[PDB]
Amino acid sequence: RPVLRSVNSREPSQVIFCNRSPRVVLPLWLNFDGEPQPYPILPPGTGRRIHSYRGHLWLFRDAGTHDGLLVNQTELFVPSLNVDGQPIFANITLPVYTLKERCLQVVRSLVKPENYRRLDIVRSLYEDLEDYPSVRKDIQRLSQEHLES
């Protein structure tokens, strides 16, 4: 029984995914068994209307790198019911990454993993390079945080 899962409300909710980031965004739908399902990509600056449901669970990642993104300033998005004929906005934004994590991202984007160890950096940093951003990992953390609150 996963901690974090969409509830099968069967109650429709109209949503807009609004990509307010310079990243190509991959939306992920955590299904009824808490498994992430990929939806069509969102190019930077675009918006798309989605027919979702109350109590469904979404998260948003960089489509190329799986770097984490925020949605309405948090990690998870849950549609509620529409009132007054208005869609729920899912405003996807960059977090303020650490400078470290940002450097890691740039290096990962330029260097084939096999070549990480040719870089003239301290060994701990090779390790950090290799510890890729992971949806799975984030779901673990978010699951525990959820239980804590």
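So that there is no doubt, residue numbering starts at 1 and follows the sequence shown.
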Query raised in the report: Out of 90-98 and 114-122, which stretch has the higher average CA B-factor listed in the record?
Result: 114-122
Query - Between 52-60 and 33-41 (mean CA B-factor, as deposited), the higher - result: 33-41
Query - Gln14 - which third its CA temperature factor falls in, relative to the rest of the chain - result: lowest
Report task. Relative to the other modelled residues of the same chain, rank the CA B-factor of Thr46 and answer lowest, middle or highest third. Result -> highest
**Report entry** CA B-factor placement of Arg20, once the chain's modelled residues are sorted into thirds
**Finding:** middle
Query - Modelled-residue ranking by C-alpha temperature factor, third containing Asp131 - result: middle
